[PDB]
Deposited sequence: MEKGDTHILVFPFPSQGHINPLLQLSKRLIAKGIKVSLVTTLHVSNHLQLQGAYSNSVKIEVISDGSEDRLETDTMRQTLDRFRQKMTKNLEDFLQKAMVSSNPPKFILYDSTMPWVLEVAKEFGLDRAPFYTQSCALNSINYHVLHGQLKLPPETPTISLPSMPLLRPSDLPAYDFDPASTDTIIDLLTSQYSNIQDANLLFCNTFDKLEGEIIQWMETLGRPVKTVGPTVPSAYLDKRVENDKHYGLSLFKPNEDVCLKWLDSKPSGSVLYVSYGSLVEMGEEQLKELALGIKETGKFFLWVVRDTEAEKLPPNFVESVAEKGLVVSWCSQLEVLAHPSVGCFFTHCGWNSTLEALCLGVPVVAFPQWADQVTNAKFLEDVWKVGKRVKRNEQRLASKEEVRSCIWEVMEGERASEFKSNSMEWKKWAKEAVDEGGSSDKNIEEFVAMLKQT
């Protein structure tokens, strides 16, 4: 029996892509052991009931956990030192056992895993869970052709679309952490010469030339995305309808005409100012369109006093909906999104045009691609003070849903939905790369 280790960065948020991929290759006959922390274990559903259910391997005791007193660097140092030792102790046992793992697939944000696998002679590959475009940016910042402060007004990287400085990832939200975050992202490409493969959460038709550029770094690149549940695409893997509730959103959507509703989500981790949140709320109201806005309790409290009351007819403002179920609903014609890589891929897979309102990090670069490269929507015009007016919000929504290019966006959205599904369906670019990896694993 062939089994591998999957070791994603242990944070609630980014372990889903690796789990989604795990489902693909559990279906192709590969057993998977999830390597994770005590903490993740407690907040994760306990081990499945089947023979080929993902096996949970807790290798830490909790002392790696970040402290309230820590700087990000200090948190990262303690995490690396302790988890290095933990992995070493784990493989010391696992490698000399009757069925030793054949591979370790680890999040690219933990490059020190490769050095541990190298010691044990264990086949290994990083997994880049963000866009291939970000791989190009972070690589070029590592090698010095791009600086943390852009040195020019237009950035023209090989095989990339032209980028303004405003299109580049902005990690200066916490200036204290900015240096540490840039170091972490650039260190993802330092030791790739010893990686068996480089896995990427994307597909060939979405970033084909960028992927071809990455292949010139000397290693086999395997595009295996998008990691959205099969049920919303090729529908070939049993269940796989969610990542890793009683819904009202679906009934409310059922009464609305096809393609008429704006789904609003500016991210489940993004905080927003009362000022900007007021302009956004009023801007959505001014369009006069049916809208479903999912915003969490702490964010929902910062809305204008009578806002929810005032949109009793057109607006459904709720604490939570199944984003995948809402996007797949035929009444939803447009998605106001913060352009997180997961939201971005979900919009493309479900063939829904976007009103892009990026906030931080890779969202800025994802927005650029959605508007100028994939052409499935528009970015809300910002101010000189980075504040979007309710008029800028209203016009952007109208232009995407009712403007000159409205039909272009939906047509392009349906094309990407087709191509995303084709990539993960039998014989697709992603399915082929996954079959190759599986075949390689059965060769030992």
query: Coordinate gaps, deposited numbering; finding: 1-4, 249-254
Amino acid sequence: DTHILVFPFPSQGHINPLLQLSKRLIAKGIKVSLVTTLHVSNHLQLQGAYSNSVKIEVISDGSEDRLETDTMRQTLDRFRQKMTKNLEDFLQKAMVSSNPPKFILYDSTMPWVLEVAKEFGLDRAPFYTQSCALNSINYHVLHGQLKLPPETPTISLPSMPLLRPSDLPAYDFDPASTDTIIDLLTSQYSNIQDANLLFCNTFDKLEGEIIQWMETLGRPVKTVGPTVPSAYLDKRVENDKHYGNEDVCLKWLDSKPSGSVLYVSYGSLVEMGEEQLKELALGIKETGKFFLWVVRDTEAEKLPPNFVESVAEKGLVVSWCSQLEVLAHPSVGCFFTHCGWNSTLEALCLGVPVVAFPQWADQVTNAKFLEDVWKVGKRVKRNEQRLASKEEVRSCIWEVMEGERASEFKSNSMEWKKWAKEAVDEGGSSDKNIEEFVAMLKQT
From here on, numbers count along this sequence of modelled residues.
| item | value |
| --- | --- |
| Stretch exceeding the other in mean C-alpha B-factor - 37-45, 394-402 | 37-45 |
| Greater mean Cα temperature factor according to the PDB record, 352-360 or 301-309 | 301-309 |
| C-alpha B-factor winner, where the candidates are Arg236, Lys368, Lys102, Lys222 | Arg236 |
| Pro111, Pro158, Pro229, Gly273, ranked by C-alpha B-factor: the highest one | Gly273 |
| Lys28 CA temperature factor, ranked by third within the chain | lowest |
| Ranked C-alpha temperature factor of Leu91 among modelled chain residues, by third | lowest |
| Record-listed C-alpha B factor of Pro17: chain third | lowest |
| CA B-factor ranking of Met214, expressed as a third of its chain | middle |
| Within-chain third of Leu162 by Cα B-factor, per the entry | lowest |
